[PDB]
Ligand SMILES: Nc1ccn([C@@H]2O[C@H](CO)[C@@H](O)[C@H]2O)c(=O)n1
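Next up is one chain by itself, shown in C-alpha cells, the form solved without this ligand.
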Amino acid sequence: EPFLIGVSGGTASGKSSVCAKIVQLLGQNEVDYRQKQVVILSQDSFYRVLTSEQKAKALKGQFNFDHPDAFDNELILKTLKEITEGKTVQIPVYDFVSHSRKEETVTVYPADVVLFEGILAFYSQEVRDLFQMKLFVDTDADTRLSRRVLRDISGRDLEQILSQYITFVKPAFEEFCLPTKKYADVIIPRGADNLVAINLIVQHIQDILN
C-alpha cells in the first residue's frame, strides 16, 4: 500500500514549500502526472461546500476558513482511505467565488508515497491514524506573520491582512492547530530553508522508492 505522510503546521510555516521541495529534490516534477511515484495533497483542496447560512457569514466576511468546521473532514477521510486501498482518487477544485466545487476535478493516480499537508491534518483522529509518518513544521508565529504579510501584499491591503490575522488566524491557529503538534513523530523547524531536514526526509522516501 502507499506510504502516507501527514504534514502540518501553521500557515506560512513552510509546510508547503517543504513538501514542494521534497518532491522536486526527488525529481518528481520531471515525471508525468500519470506515472508519478510521489504526490502532494493539500487540505486546502477539501474545503466544505458551504451551506446557505455559512455563505451568509462569509458574505459578511465573518466565516473563519481556518476553523476545523471549514474542512470536509469526512471527504478527507474517505479520500485517504481510498488511496490506501490503492484506488485512484478525485481531488476537487474549489470555487471560492460560489463556495462550492467546480465540476473540474484533479486525478491522482495511485502513488507509492503520499504527502498530505494542511493546518489541521492531525486534528481528526481517523485522519491522523492513516498517516504512517507525522511531521509538524514548527515556526514561530513571529516569523510566520512576517512571511504572511510579505506574501499577501506582494495584492492585499496591509490593514486588512493584519486585521484578518489578529481577528481570525491567530485565534484559530492557537486553538486547533498548535495543540496537534503533540501528534508529530518528527518536528521540522523553520521550514523550506532547513536543508538538513528536507534531505533527511527525501532520503527516507527514496529508500522506500527502492
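In this text, the rigid core denotes the largest set of C-alpha atoms whose superposition between the two forms falls within 1.5 Å. Start at 1 and count along the sequence shown; that's the residue number.
If you look for the form deposited with this ligand bound, you will not find it shown, but the lines that follow are about it.
Asker: Hey, of 107-115, 79-87, 124-132, 93-101, which bit sits against this ligand in the entry with it bound at 4.5 Å between non-hydrogen atoms?
Answerer: The contacting stretch is 93-101.
Asker: With a cut-off of 4.5 Å between heavy atoms, is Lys57 one of the residues that contacts this ligand in the entry with it bound?
Answerer: Heavy-atom contact with this ligand at 4.5 Å: absent for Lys57.
Asker: With the partner left out here, check for me: in the entry with it bound, does some heavy atom of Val169 sit within 4.5 Å of this ligand?
Answerer: So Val169 counts as contacting this ligand.
Asker: Taking heavy atoms only, is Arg148 within 4.5 angstroms of this ligand in the entry with it bound?
Answerer: Heavy-atom contact with this ligand at 4.5 Å: present for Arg148.
Asker: State yes or no: in the entry with it bound, is some non-hydrogen atom of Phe65 no more than 4.5 angstroms from a non-hydrogen atom of this ligand?
Answerer: Contact check for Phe65: yes, within 4.5 Å of this ligand in the entry with it bound.
Asker: Checking a candidate spot here: are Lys36, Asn199 and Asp207 all in contact with this ligand in the entry with it bound (at least one heavy atom each within 4.5 Å)?
Answerer: Checking in the entry with it bound: none of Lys36, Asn199 and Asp207 is within 4.5 Å of this ligand.
Asker: Which of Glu82, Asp112, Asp95, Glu74 has its C-alpha displaced by 2 Å or more between this form and the one not shown after core superposition?
Answerer: If I go through the list carefully, the shifting residue is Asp95.
Asker: Has the Cα of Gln160 moved 2 Å or more between this form and the one not shown, judged after a core fit?
Answerer: After core superposition, the displacement of the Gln160 C-alpha between this form and the one not shown reaches the 2 Å mark, so yes.
Asker: Taking the rigid core as the superposition reference, indicate whether the CA of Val149 shifts 2 angstroms or more between this form and the one not shown.
Answerer: It does, since the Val149 C-alpha is displaced 2 Å or more between this form and the one not shown after the core fit.
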